[PDB]
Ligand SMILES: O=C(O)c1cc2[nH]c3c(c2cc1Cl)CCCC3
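Before any questions on binding or motion, here is one chain by itself as structure tokens, the form solved without this ligand.
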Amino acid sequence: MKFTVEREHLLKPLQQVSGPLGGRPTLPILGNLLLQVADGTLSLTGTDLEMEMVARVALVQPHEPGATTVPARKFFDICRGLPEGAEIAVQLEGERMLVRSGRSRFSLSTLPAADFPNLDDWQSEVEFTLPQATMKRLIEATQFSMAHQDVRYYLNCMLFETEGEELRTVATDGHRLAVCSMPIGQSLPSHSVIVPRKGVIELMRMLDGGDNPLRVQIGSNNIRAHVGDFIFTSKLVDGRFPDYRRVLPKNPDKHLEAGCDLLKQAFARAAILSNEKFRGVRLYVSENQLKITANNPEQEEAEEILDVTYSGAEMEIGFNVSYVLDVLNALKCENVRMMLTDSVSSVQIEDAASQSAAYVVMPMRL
């Protein structure tokens, strides 16, 4: 096996293919990457037995076909440590792989490609293509609301749902909820799958922000995403994800509109003197005015008054200010719409200019 490639043509693929690698593998070859030279292409593969990333690099310089596996971290570090634009020549010599560039030379231990794990074959049932930017939007809009190591294991995941001509993501930790829906211009069966958090992070990070569209293929127990030279596959998780429809307020008719940053900054200052554990703050809403208060067990108190757009009935509502700030940080827009019902009901929050993403936080009695 032999190839010679420029440093940067290797580095991006090396980054992607190292993502799935577990920190204490149960097999020695799991700490390795599979390298294969075949029909003018180098393929690199990394896996943890549940997800797998493959990257392809076109070979313009002389090469010899063959395959082996190499220590992931050491090979990546050697390649990263060489100077910008360096040419990296790789050749097998018995049971070592030789890496050479200028007068730098490295000899690495190898494990046979015959022993590299293979994911079982599976069939695609649902497929669609979409702009990279649309998938990044769906994931970034909702990822922060996934749980962390909840015993309710499905909450540590993200639901991906197809319906009509739309793709939708839902994330919830059992307390607050995010949902985002985007049209994709293809008629789809009504279908839902649950992707583990490690899978959503890898999928998000393979989207380079460019012009290559993303193709998704969904099977009974797996999902595959293909963009440009990268192909990612993850197992799906089996379970019963909460129905976002049941959590959305049925008629949140009283809309408060406010500047996003002005609102974020008032909540951030009030939060300093909120309860460190439960983080509760109170809203008093009246004609074009909002008052926010917070207090803590040390009897310290904050009060914020600001001009808003509001013409509903006067009312009072409390909630968790960390959850609200999470939402206002994700939204990054000009104006926000807070959609209110009463003191004993949830609040739905949206970009005032867009209904694509919606966030739900629960009321608190303060």
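The first residue of the sequence shown is number 1, and the count goes up from there.
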### Task
Read off the CA B-factors in the entry, average them over 347-355 and over 17-25, and name the higher stretch.
17-25
### Query
Which has the higher mean CA temperature factor in the PDB entry, 28-36 or 57-65?
57-65
### Query
Between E166, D229, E140, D150, which one tops the list for C-alpha B-factor in the PDB entry?
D150
### Query
Considering only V281, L203, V99, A86, which residue's Cα atom bears the greatest B-factor as recorded?
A86
### Query
Which third, lowest, middle or highest, does the CA B-factor of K198 fall in along this chain?
middle
### Task
Going by the recorded CA B-factors, say which third of the chain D326 sits in, lowest, middle or highest.
lowest
### Query
Sorting the chain's CA B-factors, does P131 end up in the lowest, middle or highest third?
middle
### Query
Should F75 be placed in the lowest, middle or highest third of its chain by the C-alpha B factor in the entry?
lowest
## Note on the structure
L119: CA B-factor among chain residues, third -> highest
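The same protein also exists as the form solved in complex with this ligand; that form is not shown, yet it is the one meant from here on.
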### Task
Specify the contacting stretch among 222-230, 240-248, 199-207, 105-113, defined as having any heavy atom within 4.5 Å of this ligand in the deposited bound form.
240-248
### Task
Could you tell me which one of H175, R279, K235, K291 places a heavy atom within 4.5 Å of this ligand in the deposited bound form?
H175
### Summary
The listed residue (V360, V5, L366, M1) that reaches within 4.5 Å of this ligand in the deposited bound form by any heavy atom is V360
### Task
State yes or no: in the deposited bound form, is some non-hydrogen atom of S346 no more than 4.5 angstroms from a non-hydrogen atom of this ligand?
yes
### Query
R152 near this ligand in the deposited bound form, any heavy atom under 4.5 Å?
yes
### Task
Note that this ligand is not shown here; using its position in the deposited bound form, name the residues of 261-300 with a heavy atom within 4.5 Å of it, in sequence order.
none
